[PDB]
**Q** 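Quick one: this structure, given as C-alpha cells, is what I'll be asking you about.
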Amino acid sequence: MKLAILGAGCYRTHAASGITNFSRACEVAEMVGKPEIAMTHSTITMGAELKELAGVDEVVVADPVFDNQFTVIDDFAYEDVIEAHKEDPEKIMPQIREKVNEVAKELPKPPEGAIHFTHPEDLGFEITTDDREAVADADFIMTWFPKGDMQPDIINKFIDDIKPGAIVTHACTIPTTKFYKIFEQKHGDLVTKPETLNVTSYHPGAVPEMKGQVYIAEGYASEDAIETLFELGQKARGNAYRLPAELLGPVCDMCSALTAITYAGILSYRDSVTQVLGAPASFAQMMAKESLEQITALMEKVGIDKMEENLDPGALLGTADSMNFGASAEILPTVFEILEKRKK
Amino acid sequence: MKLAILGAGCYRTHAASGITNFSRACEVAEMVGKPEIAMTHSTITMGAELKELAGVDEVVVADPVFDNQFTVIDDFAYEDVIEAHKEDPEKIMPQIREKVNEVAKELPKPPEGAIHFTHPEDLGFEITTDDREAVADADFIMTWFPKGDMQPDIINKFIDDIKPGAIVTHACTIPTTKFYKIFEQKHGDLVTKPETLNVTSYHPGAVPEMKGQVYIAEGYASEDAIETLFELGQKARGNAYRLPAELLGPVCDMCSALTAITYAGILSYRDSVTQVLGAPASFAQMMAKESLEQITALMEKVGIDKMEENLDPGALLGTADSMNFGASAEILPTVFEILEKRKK
Amino acid sequence: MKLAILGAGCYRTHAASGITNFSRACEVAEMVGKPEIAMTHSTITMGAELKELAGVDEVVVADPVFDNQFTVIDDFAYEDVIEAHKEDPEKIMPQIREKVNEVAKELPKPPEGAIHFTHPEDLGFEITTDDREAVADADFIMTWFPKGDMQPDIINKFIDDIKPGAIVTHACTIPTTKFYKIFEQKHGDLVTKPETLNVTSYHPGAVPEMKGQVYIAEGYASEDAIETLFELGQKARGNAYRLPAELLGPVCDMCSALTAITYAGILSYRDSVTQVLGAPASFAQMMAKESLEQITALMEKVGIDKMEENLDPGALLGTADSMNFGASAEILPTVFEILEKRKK
Amino acid sequence: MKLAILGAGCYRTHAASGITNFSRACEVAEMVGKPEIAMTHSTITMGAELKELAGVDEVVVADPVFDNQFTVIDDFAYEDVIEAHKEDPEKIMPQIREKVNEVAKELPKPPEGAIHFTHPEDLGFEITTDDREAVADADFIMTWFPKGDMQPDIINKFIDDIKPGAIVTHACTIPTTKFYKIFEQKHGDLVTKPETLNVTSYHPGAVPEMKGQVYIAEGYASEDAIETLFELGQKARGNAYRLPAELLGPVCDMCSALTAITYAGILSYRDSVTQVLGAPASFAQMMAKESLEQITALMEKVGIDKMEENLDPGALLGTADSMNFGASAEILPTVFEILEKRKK
Amino acid sequence: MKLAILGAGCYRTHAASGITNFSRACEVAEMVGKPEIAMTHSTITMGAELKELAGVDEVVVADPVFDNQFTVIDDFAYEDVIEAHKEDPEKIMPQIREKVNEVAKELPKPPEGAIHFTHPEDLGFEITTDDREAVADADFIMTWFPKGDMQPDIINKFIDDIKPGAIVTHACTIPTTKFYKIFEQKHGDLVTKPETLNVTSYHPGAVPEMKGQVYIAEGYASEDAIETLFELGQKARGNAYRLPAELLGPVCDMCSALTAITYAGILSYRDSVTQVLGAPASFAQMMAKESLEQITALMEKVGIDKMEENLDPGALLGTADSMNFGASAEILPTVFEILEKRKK
Ligand SMILES: Cc1c(O)nc(CC(=O)O)c(C)c1OP(=O)(O)OC[C@H]1O[C@@H](n2cnc3c(=O)[nH]c(N)nc32)[C@H](O)[C@@H]1O
Ligand SMILES: Cc1c(O)nc(CC(=O)O)c(C)c1OP(=O)(O)OC[C@H]1O[C@@H](n2cnc3c(=O)[nH]c(N)nc32)[C@H](O)[C@@H]1O
Ligand SMILES: Cc1c(O)nc(CC(=O)O)c(C)c1OP(=O)(O)OC[C@H]1O[C@@H](n2cnc3c(=O)[nH]c(N)nc32)[C@H](O)[C@@H]1O
Ligand SMILES: Cc1c(O)nc(CC(=O)O)c(C)c1OP(=O)(O)OC[C@H]1O[C@@H](n2cnc3c(=O)[nH]c(N)nc32)[C@H](O)[C@@H]1O
Ligand SMILES: Cc1c(O)nc(CC(=O)O)c(C)c1OP(=O)(O)OC[C@H]1O[C@@H](n2cnc3c(=O)[nH]c(N)nc32)[C@H](O)[C@@H]1O
Ligand SMILES: [Fe+3]
Ligand SMILES: [Fe+3]
Ligand SMILES: [Fe+3]
Ligand SMILES: [Fe+3]
Ligand SMILES: [Fe+3]
Ligand SMILES: [Fe+3]
Ligand SMILES: [Fe+3]
Ligand SMILES: [Fe+3]
Ligand SMILES: [Fe+3]
Ligand SMILES: [Fe+3]
Ligand SMILES: [Fe+3]
C-alpha cells in the first residue's frame, strides 16, 4: 500500500491553543522504538502510525511548503518529551509553546511556512511539492487542506492522476458531501467503467499527536474501502469509529457535548418506553421525532438566547416526572436540577 | 382467531364492469367441498377462504345492509357456476350479469341494498349491523369501506372497542397513511402502555372471487403482525405479497402496468451497469434517480399529453444504444421500436 | 458569424475507450471534398462542419495547449481512414488506437498536451491561447471545458469580453443550470439594458467525429437563439434535438437507456388510457405521477440493489395484466417476461 | 340542460352587512319581464338568470330547509324594489334590512330556517329536500354549502348519484383543491372508464343579487366544461372570468385590493423593463420573483405589523426612482407619496 | 479605526451609463474644503467621507491595479466640476463621459487598468497591491469585488490575516448569504474562542459619487457592529438604512420600484384592515400571504409575459372596490386605472 499525504500541517495553531500535547505521538514512539515520532504532529503522526503500526509500506508527503520555509525546530530532545509525557506533559509543553509562538511571529503561515520538530524524511517518507506525483499509484490519499472552498482548485490539479478505486479522505474543513461532489463523475458520452473513487475520512479528534482515535465517514465509499480504513485505523490510531458522514460535524470537539447529551437522552427515553412501558420502539420514535423537531424549530424561530422567554424551563418539570423510570431515571435527576434552577 | 369483516360488499359494480367472474371462488368451493362458496364475492369470499383454508375459527360480518335490503339472488345453481368455470366462465357470466344489472336498476345502493348469491349465515358467519359488537375480541378486523373521507366517521364509532394489538386492514379506497392516522394515538396525560393496533392491508387484485392473491401493506404494523397476515394470505388467497404501503396504489389494476414497465427498466438498467459494465450499484442509482426525477418533472411541467413536443422520442435513440448490452438488451428492442414510431 | 471554440480537445480518451471511430468526420470530409476533416475530433469536427456545411464564416479555436505540447499525429493518411470507414472502420481503428495509446503514455494531459491528427490551422481556423481575444466579437462561443467546478475560474477571465447577445454553449461536464449561474447578472446600481447572453448547449452524443446529431438545451436562451442554433445544428451535425436543459444528463450515453424505457412506458400507458379506455390524459398523468414518484422513492429509500426484497417483481404481474391493451400491449410482453424471471 | 342547485341560501347575513342591495336581480327582472326575480338572492338569483337568460331548461333547488322553516317575506312589492333600484336603492333597502333583522332574531339559522322574498317554486324551479334526487341526471350541480370541513359529509351522500361528466361547482367556503379531493377517484381494481366529473366554480363577487359577474376556476375540469360554463356565465351573469382555481381566494372581496395592487405593480414593472429598457421579460421575472418572495418572507418572519421597523419605507425611495419611466411611471407617484409619509 | 478598502473601482462603466454625475462627491468636497474629493468615485468617495466626516483615522486602499495601469485623468479642474454641480451637472458631464469613453477604448479593464480623477494618495490614503497587508489590524474591511463567484479565491488569500471582530462588507455582486459562507467557521478540533467576524454591507444606491445614502445588511454581524456601521454611514453618507440582508437585492436600482409598489400595497392594505375594518393585523397577514404567494406562483408557472391570458386584469376590478377605504383608498385609484386599461 502507498499512502500519499497531501498537507503536512503546521504546529502553530496547536501551540497557540495552549491545550495540546504529544501524548499519543510519544506512546507510538515508545511502541515502535523510534523516538523522533514523539514530536510529530498532524498528518505526520498519522503517517508514522500507519507506516510503523499498520504495515503501510510507502508514504509520500506533498506540500508546497517544502520548497518554501519548512521549519524544523530542534531545541527539544525527543527523549525529554517522551519522559515528560510519562507523568506530566506540562513539565515541557510551556517551553515548547513559547518557542513555537516566537517562531510563528515572523514565520509565514502555510503554505509559505510550517513548523515541525521532526522532518518527515527522517521517518522514511518521500517528500515532494507536486501533488500530482504524490498521488500517482497511491492507494490511500490523505488530504489535509484548508477551508473547503479552496479545495476544488487544489484537487482538480491532480484528480485525473488518482488511481481508480483509491481511498481519498478529507479534512474537517469541508463536509464529506461537498468533498464528494468534487470527485463525483455523473454523465458521460462513452460507456466505459467509471473510475470510481472511495471518498471517506480519517479524521482524528483533538490533534492526533495528542489523542488516538479516528473517525471514518460512511456514505461515499464502498463497504470494502470503509472496512479497510477502519482496520488500518484500529491498528494505527488505536481505535476507530465508522459513522454516517453527516455526523462528523456533530461529533467534533466543538459540538460533541450537545450531540452526546441529546443522544443519551434519546437512547434513555427509548429504553424506558420499550423496556418498562412495553411499547414498540416506533412509538418512542414518533414521540421523539416531534419533540426533537419542535425544540429545534423553537430555537431557530426565537434564537437560542431567547428560548426560556418562550418555553419556561419550569413548564417541563411536572410532566417530565411521568416518565421517570427505567433508563431515563438515570439522566432525569440532573435535568430536573438544571430546569428547576432555570425556571421562571 | 376471530375475524370481523366490516362491509359485506355489493356485486353490482362487479357485474356492471362486464369483465369479472367467479374463478377463484369456484376453485375454493371445490377445494373444501362447499359449493355455496362458488358464488361468494368481495369480503365474503375472503372470509370463507380464511375460515375454510386458514383455520380462522370465528367470522362475523357487520354491515348496516343486513337490516335494510340485503338481497340474495337464488336464480343460479352453485354447481352450474362451478361447472362453467372449469372451462369457459362466459358460458354463464352473461346471464348472471344481466340478472344483477336488472336487480340493480331498482335496488338501492349500499348500505341500503346489496346484491349477493350466498347468504353469509350459510357459511357459518355471524351477521350483525353493529360494528362495535363485531369488533369485540376480534383479532383481525377486515374493513371494506367506501371512499376514504367517509372512513373516520365510521371507524370512530368502534375504534375504542378494538382489542389491543388487533390487525386492522383497509380497503383501497383510502391510502394506508390516511387510514393509519385515524388510529394513531400520539400524546397523552397518563403514562400507560398504548393500545397499539397493527394497521395494514389484505387487499386483493381485481375482485377476490375472480383471482387469488393478496397485497399486505408494510410500515404501520409490527413484523409479527405482517408475518401472521402474510401466512394467512398464502393459505387463504393462494399467494401473498408484502410491500411498502406507499406502493399499494402504484400496483393496483389501473396503475400497475406503468409501475411494472418502469420497474423492469430500473432492474434491467441496474444489472447492465453492475454485471457488464462493472460499476457499483450506487452509480446506477445516481443515474436512475436523476433520470426518473427529470422525466417525472417534465410530465408534471408540460402535461403528459405534451411531452413529445418538448422531448422528441427520437432524441433518446442514438444515446440509448450505448447501453444496449446485458439485461437491458432484452427490453430495449421494444423500446426502440416504440420511440422510432413516435419520433418527430 | 464568428464562432469561438474554447477547448480543442484531446483524442486520448476516445482512443482509450476502444469503441469510437471517425465515421461522421469521414462523411463530412467526403461531403465537402476536404479529406483532412476525416480525422478531426471533438470541437474541431464540429467547427469544420459549421464552417463547411452551415456557412459560419470565421472560426477561432482557443486552448492553452497551443503554446504547450499540441501534438499532431501524421502516421495515418486521411484517404485510408475514409476508405476504411466506407465498409469496416475496424480495419484501421486498432492501429490508430494503439498509436494514440503509446503517445499518451508520455505526452502530458491537456492543457499541457493534446493529441490531434489535423491541425486546426489547416482547416482555416485561427488559433490562439488567449480566450479573451477569441471571444471578441464572437456570435457563438462553444466551450469545451473540463469538469464543471473548474469552469467559473476559466470563464470569469473572459466573461466581460463577450459580445452582448452571444450564444454560449457548455460541455456536458457541467449542468446548464450551473453554467448559467456563471453568467447570470442579477442586481445592479445603474439602470442600463443588461448584456444578456444566450446560454444553451451544442452537445453531441457519443463523440462528434463518430456520430452526427446534437442536443440543444432550452431554458436559458431566447427562442431566437435556440432556433438559430437548431438550424445550424441541422445543417452541420445532420440532425438536432432541442430539449429542456434538465434532460441533458438523462439523455447522455450513460443514462439514456433508462430514460428511454421509462418514457416509452409513460407514452404507451398514456395512450392506452386515453385512446382505449377513453379517460382524460389528466387521469393517466395522476396515476403516472404517483407510480413514478413512489418507485423512485423506494429506490432511494432501500437502494437500487435491494428493491426486489421490498417489492417482489411478481407482485406486479397479476394487476399489470389489467391494462394489457392498446399501446401498452406492445411493451408489456417483454416486461412480463422480465418480471416473471425475477419474481420471488 | 338540468341544473341542480344544492343550497338555496339565507338572506340574513346579506341584510346584516348593511351594504348590499338587489341591483342585479332587478336588472334581470326587467330584462325578462318577471318582477319576482327582483328580490331573489344567492343561488336563486343565479338559477333564475341561467333559466331565463341562458336557456337552462330545468332547475331544481335542494335544501333541507324546505321541510323546516323556509320563510318568504311578503312585505315588499317587487315593483317598488325595481323602482327604487332605478335611481337610489337606499330608498328601500333600510326597510328591508330592518325587517330581515327582526325576522332573524327568532328564526333559526339554515338549514332549520332561511329567509327569502320569492319562493323558488314561483320561478318554475322544482324544490326538494333530497340532494340525491336533485342531482339525478343533472348536467350542472351548483353547490352552495357552508364551511368546507362540513362538505365531504354532505357530498358523499350523493356523489355516486352524479351523472358522469357533470359540471360541479363549489362555494367560496372551500378551496377548489379541497373540493376536488372529495370527488377525485384514483386507484381501482377494475379497469373501466372513470366517471370523471368536471369540478370548477361559478362564484359571484359580492352577492349575486347585487352584482353581475362570475368567477370560474380552472384546473380541475375539462376545457370543454370550462368553456361551457364561461359561456353560460357570460349570458346569465353578464360577464365571466375564468382563472386558475388557486387565485379565487386572492380575488375575493376581502383580498382583491391587495392582489390588484401587486398585480398592477408586476405588469407595470414588466412593461418598463421590456418596452423601455429593452430587456427580456425573463429578466423582469427573475427580479420580480426575488422581490416578491423576499417581501413576502419578511412579512411572515416579523409580522405584517412590524415590517417598517425592519425595512424602513424610506429605504426604497432613492433606488425606486431609478425605474421611474414607462408604465411604472404611472404608479410610482402614489407609491412614493405613501412611502415618504411612512419613512422613519 | 483603520479602514481597508479592497478595490478602488474604475469609472468606465459609470461614464458609459450616461446617467451619473459627481453631485455627492462635490457636496462632500465643499463640506470639508478639499476640492479633490469632488471627482472621487466608488470606494474612494466613500473612504474620503469616512476619513473626513466620520473620523476614520487611517485608510488604506488595496487593488492590484496600482502596479498596472492605474490612470488618473487630469483634464478636469475640481473647481469647475464643483461649480457645474451647483446648478446643472450636465454642463460638464458630457465632456467627462466622452474623455473617459475614449480612454476606455484602449485602457485594459480592471485589475489591469482603472480610471480615476483623484489619486487616493492625494487624499491621505495608503496604497498597496497586497490585500494581506491592507487588512492587517483593520477594523473595517470594505470589499469592492467583481462578481461573487470570483470572491472566494480573492478572499481566501487574506481571510486568516483579518483582525478578530473586524467588520467586513461585501459588494452587491454577491449576496450576503454567500459572502458570509466564505467566512463562516463551523467545526473544529480545539475548543478556543472563534475569531468571529462581523459580515455586513456598506452599499450605496446608484454610485456613491452621485448620491449619498448607504445600505447595511443585517443578519450576519453583531448588533454592536451594525450600530457602529450605521452611525458611521449616517455621518459619512448622510443617511443610512439597516435592513435584512435578503432585502438588499430587492432594493437595488433595478428592483426597488417593484418592491416599493408591493410594500406600499401591503402597508396600505394592512392599515385599511386594522384601522377601518377593525380586524387584527394577523387577519390582514393571512390574506396577504395567500395573495402574494399565489400571484407570485402564477408568474412563475406561466411566465410574467403571460399572466394576463390567465388572470384577466379586469377580474380584479369589481372585488377590489370592496376594500376601497382607509389607506388603500390612496393607492387603488391608480391601480384601477391601470387594470381597466389592461382588461380583456
Ligand atoms: C492546523 C490544522 C489542523 O489542526 N487540522 C487540519 C485538518 C483537520 O483537522 O481536519 C488542518 C488543515 C490544519 O491546518 P494546517 O495549516 O496545519 O494544514 C494545512 C496544510 O495544507 C497545506 N497546503 C496548502 N495548499 C496545499 C496544496 O495545494 N497542496 C498540498 N498538498 N498541501 C497544501 C499547507 O501548506 C498546510 O501544511
Ligand atoms: C364494490 C367494491 C369493491 O369491489 N371493493 C371495495 C374495497 C376494495 O376494493 O378495497 C369496496 C368498498 C366496494 O364497495 P362495496 O359497495 O361493494 O362495499 C362497501 C360496503 O361497505 C358497507 N358499509 C357502508 N357503511 C358501513 C358502515 O358504517 N359499517 C360497515 N360495517 N359497513 C359499511 C356497505 O354497505 C357495503 O357493503
Ligand atoms: C475528452 C473530452 C470529451 O470527449 N468531451 C468533452 C466535452 C463534452 O463531451 O461535452 C471534454 C471536455 C473532453 O475533454 P478534453 O480534455 O478532450 O477537452 C478539454 C479541453 O479544454 C482545454 N482547456 C483547459 N483549460 C482551458 C482554458 O482555460 N481555456 C480553454 N480555451 N481551453 C481549456 C484543454 O486543453 C482541452 O483541450
Ligand atoms: C350567506 C351565504 C353566502 O352569501 N354565500 C355562500 C356561498 C358563497 O358565497 O360561495 C353561502 C354558503 C352562504 O351561506 P347560506 O347560509 O346563505 O347558504 C348555505 C345553504 O346551504 C344549505 N345546506 C346546509 N346543509 C345542506 C345540505 O346537506 N344540502 C343542501 N342541499 N343544502 C344544505 C343551507 O340550508 C343554506 O341554505
Ligand atoms: C463599476 C463597479 C461598481 O459601480 N460597483 C461595484 C461594487 C458595488 O456596486 O457593490 C463594482 C465591483 C464595480 O466594479 P469595478 O470594476 O469598478 O471595481 C472592482 C475592483 O476590484 C478590483 N479587484 C479585482 N481583483 C482584486 C483583488 O484580488 N483584490 C483587490 N483588492 N481588488 C481587486 C479591481 O481592480 C477593481 O478596481
Ligand atoms: Fe479536524
Ligand atoms: Fe462540530
Ligand atoms: Fe380494492
Ligand atoms: Fe393505482
Ligand atoms: Fe478558484
Ligand atoms: Fe459530452
Ligand atoms: Fe446521463
Ligand atoms: Fe362566496
Ligand atoms: Fe380572499
Ligand atoms: Fe452595487
Ligand atoms: Fe435588485
Side-chain angles (χ1 to χ4, degrees), chain A residues 156 160 172 175 185-191 205 247-259, chain B residues 283 286-291 294 319-320 322-323, chain C residues 4-17 20 41-46 60-70 108-116 127-135 141-148 150-151 153-158 169-175 201-210 215 247-259, chain E residues 185-189 191:
Chain A
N156 288 325
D160 197 53
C172 68
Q185 9 100 153
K186 296 213 246 223
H187 302 284
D189 305 325
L190 293 174
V191 176
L247 281 154
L248 269 178
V251 308
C252 83
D253 292 85
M254 308 296 301
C255 297
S256 181
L258 181 61
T259 309
Chain B
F283 177 66
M286 170 265 275
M287 293 187 286
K289 175 184 192 289
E290 182 179 343
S291 170
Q294 293 300 341
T319 51
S322 297
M323 280 295 303
Chain C
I5 297 171
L6 308 189
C10 182
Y11 199 69
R12 76 187 70 201
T13 63
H14 301 195
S17 74
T20 74
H41 67 84
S42 304
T43 52
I44 307 309
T45 301
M46 292 189 291
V60 56
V61 189
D63 194 310
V65 74
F66 293 121
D67 281 351
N68 303 325
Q69 303 178 239
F70 186 71
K109 290 177 293 195
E112 179 57 23
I115 299 170
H116 288 242
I127 65 160
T128 182
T129 62
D130 189 342
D131 293 343
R132 302 186 62 204
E133 290 178 348
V135 304
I141 301 169
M142 182 189 292
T143 75
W144 197 249
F145 296 150
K147 54 199 292 288
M150 309 177 66
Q151 296 193 31
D153 287 354
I154 294 167
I155 289 167
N156 288 325
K157 298 294 191 186
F158 64 79
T169 61
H170 66 86
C172 68
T173 55
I174 188 169
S201 67
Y202 190 87
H203 182 262
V207 297
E209 66 276 11
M210 181 176 185
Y215 294 85
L247 281 154
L248 269 178
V251 308
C252 83
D253 292 85
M254 308 296 301
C255 297
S256 181
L258 181 61
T259 309
Chain E
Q185 9 100 153
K186 296 213 246 223
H187 302 284
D189 305 325
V191 176

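Because only heavy atoms are used, hydrogens play no part in the values below, and waters and symmetry mates are left out as well, while side chains stay in. First listed ligand is number 1; within each ligand, the first listed atom is number 1. Reminder, nothing fancy here: chain letters follow the sequence lines and each chain counts from 1.
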**Q** Relative to the heavy atoms of C:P111, which atoms of ligand 3 are at a distance of less than 4.0 Å?
**A**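 Going through ligand 3 atom by atom, the ones under 4.0 Å from C:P111 are 35 (O).
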**Q** Pairs of nitrogen or oxygen atoms closer than 3.5 Å, one from C:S42 and one from ligand 3: do any exist?
**A** no
**Q** Do C:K157 and C:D131 meet the salt-bridge criterion of a basic N to acidic O distance under 4.0 Å?
**A**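 Looking at C:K157 together with C:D131, the answer is no, because their closest N to O distance does not fall below 4.0 Å.
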**Q** Of A:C252, A:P250, A:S256, which is the lone residue that meets side-chain contact (heavy atoms from CB on, under 4.5 Å) with A:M254?
**A**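 Between A:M254 and the candidates, side-chain contact (heavy atoms from CB on, under 4.5 Å) is satisfied uniquely by A:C252.
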**Q** Backbone N or O of C:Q69 within a donor-acceptor pair of the C:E112 side chain at under 3.5 Å?
**A**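 Not at all, since once roles are kept as given, no pair shorter than 3.5 Å links the two residues.
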**Q** Tell me which protein heavy atom sits closest to atom 35 (O) of ligand 3, plus the residue, atom name and distance to 0.1 Å.
**A**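 Here the nearest protein heavy atom works out to C:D63 OD1, 2.8 Å.
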**Q** Relative to the heavy atoms of C:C172, which atoms of ligand 3 are at a distance of less than 4.0 Å?
**A** 8 (C), 9 (O), 10 (O)
**Q** Could you give the distance from SG (A:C255) to NE2 (E:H187), rounded to the nearest 0.5 Å?
**A** 5.0 Å
**Q** How far is atom 25 (N) of ligand 3 from the closest protein heavy atom, and which atom is that?
**A** C:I154 CD1, 4.0 Å
**Q** Measure the spacing between NE2 of C:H203 and SG of C:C172 and express it to the nearest 0.5 Å.
**A** 3.5 Å
**Q** Do any N or O atoms from the side chain of C:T173 and from the backbone of C:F145 form a donor-acceptor pair under 3.5 angstrom?
**A**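 Yes.
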**Q** Step by step, would you call C:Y11 with C:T20 a side chain to side chain contact (heavy atoms under 4.5 Å, CB included)?
**A** CA-CA 10 Å; C:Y11 199 69; C:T20 74; 3.6 Å; yes
**Q** With a heavy-atom distance limit of 4.0 Å, tell me whether A:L190 approaches ligand 3 through its side chain, its backbone, both, or neither.
**A**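 For A:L190, no heavy atom sits under 4.0 Å from ligand 3.
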**Q** Among all the protein's non-hydrogen atoms, which is closest to atom 18 (O) of ligand 3, and how far away is it?
**A** C:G9 CA, 3.6 Å
**Q** Can you sort out which atoms of ligand 3 are near C:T13, meaning under 4.0 Å from one of its heavy atoms?
**A** 1 (C)
**Q** Taking a cutoff of less than 4.0 Å between a non-hydrogen atom of the residue and any ligand atom, is C:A114 in contact with ligand 3?
**A**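 Distance cut 4.0 Å: C:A114 fails for ligand 3.
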**Q** Measure the spacing between CD of B:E290 and CG of C:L247 and express it to the nearest 0.5 Å.
**A** 9.0 Å
**Q** If I take atom CD1 from residue C:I127 and atom CG from residue C:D67, how far apart are they, to the nearest 0.5 angstrom?
**A**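 Interatomic distance, C:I127 CD1 to C:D67 CG, rounded to 0.5 Å: 8.0 Å.
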**Q** Looking at atom 32 (N) of ligand 3, what's its closest protein heavy atom, distance included?
**A** C:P64 CD, 3.5 Å
**Q** What part of C:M150, side chain, backbone, both or neither, has a heavy atom within less than 4.0 angstrom of ligand 3?
**A** neither
**Q** Can you find a non-hydrogen atom of C:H14 under 4.0 Å from ligand 3?
**A** yes
**Q** Compare every heavy atom of C:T169 with every heavy atom of C:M142, then report the nearest pair and how far apart it is.
**A** CA-OG1, 3.3 Å
**Q** At what distance is the nearest protein heavy atom to atom 9 (O) of ligand 3, and which residue and atom is it?
**A**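 Nearest protein contact, heavy atoms only, for atom 9 (O) of ligand 3 is A:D189 OD2, 2.8 Å.
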**Q** Which atoms of ligand 3 sit under 4.0 Å from any heavy atom of C:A62?
**A**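 The atoms of ligand 3 under 4.0 Å from a heavy atom of C:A62 are 30 (C), 31 (N).
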**Q** Looking at atom 16 (O) of ligand 3, is any protein heavy atom nearer than 4.0 Å to it?
**A** yes
**Q** May I ask you to check whether C:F145 has an N/O atom sitting below 3.5 Å from an N/O atom of ligand 3?
**A**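 No; the residue has no nitrogen or oxygen that sits under 3.5 Å from a nitrogen or oxygen of the ligand.
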**Q** Does the N or O separation between C:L6 and ligand 3 drop below 3.5 Å for any pair?
**A** no
**Q** Which of the atoms in ligand 3, numbered in the order shown and given with their element, are less than 4.0 Å from a heavy-atom of C:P146?
**A**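 Selected atoms, number and element: 19 (C), 21 (O).
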**Q** Which ligand 3 atoms does C:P110 reach within 4.0 Å, using its non-hydrogen atoms?
**A**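 Matching atoms, with element in brackets: 16 (O), 34 (C), 35 (O), 36 (C).
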**Q** Say you draw a straight line from OG1 of B:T319 to OH of C:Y215; how long is it, rounded to the nearest 0.5 Å?
**A**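 These two atoms lie 4.0 Å from each other.
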**Q** At the Fe ion (ligand 12), what's the angle from C:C255 SG to C:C252 SG, rounded to 10 degrees?
**A**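 That angle is 110°.
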**Q** Please note down the angle at the Fe ion (ligand 12) between ND1 of A:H187 and O of C:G249, to the nearest 10°.
**A**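 Once rounded, the angle between the two atoms at the Fe ion (ligand 12) is 100°.
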**Q** Give the atom numbers and elements of ligand 3 that come within less than 4.0 Å of a heavy atom of C:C10.
**A**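 Counting atoms of ligand 3 from 1, those under 4.0 Å from C:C10 are 15 (P), 17 (O).
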**Q** Which option out of C:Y11, C:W144, C:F158 puts a heavy atom nearest to atom 13 (C) of ligand 3?
**A** C:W144
**Q** To the nearest 0.5 angstrom, please state how far the NE2 atom of C:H14 sits from the CG atom of A:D189.
**A**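 Between atom NE2 of C:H14 and atom CG of A:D189 there are 7.5 Å.
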**Q** What atoms in ligand 3 come closer than 4.0 Å to a heavy atom of C:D131?
**A**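 Taking each heavy atom of C:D131 in turn, ligand 3 has 27 (C), 28 (O), 29 (N), 30 (C), 31 (N) under 4.0 Å.
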**Q** Measure up the C:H41 and C:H116 rings against each other and bin them: parallel (under 30°), tilted (30 to 60°), perpendicular (over 60°).
**A**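 It falls in the tilted class, 30° to 60°.
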**Q** Side-chain donor-acceptor pair under 3.5 Å between C:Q151 and C:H170, yes or no?
**A** no
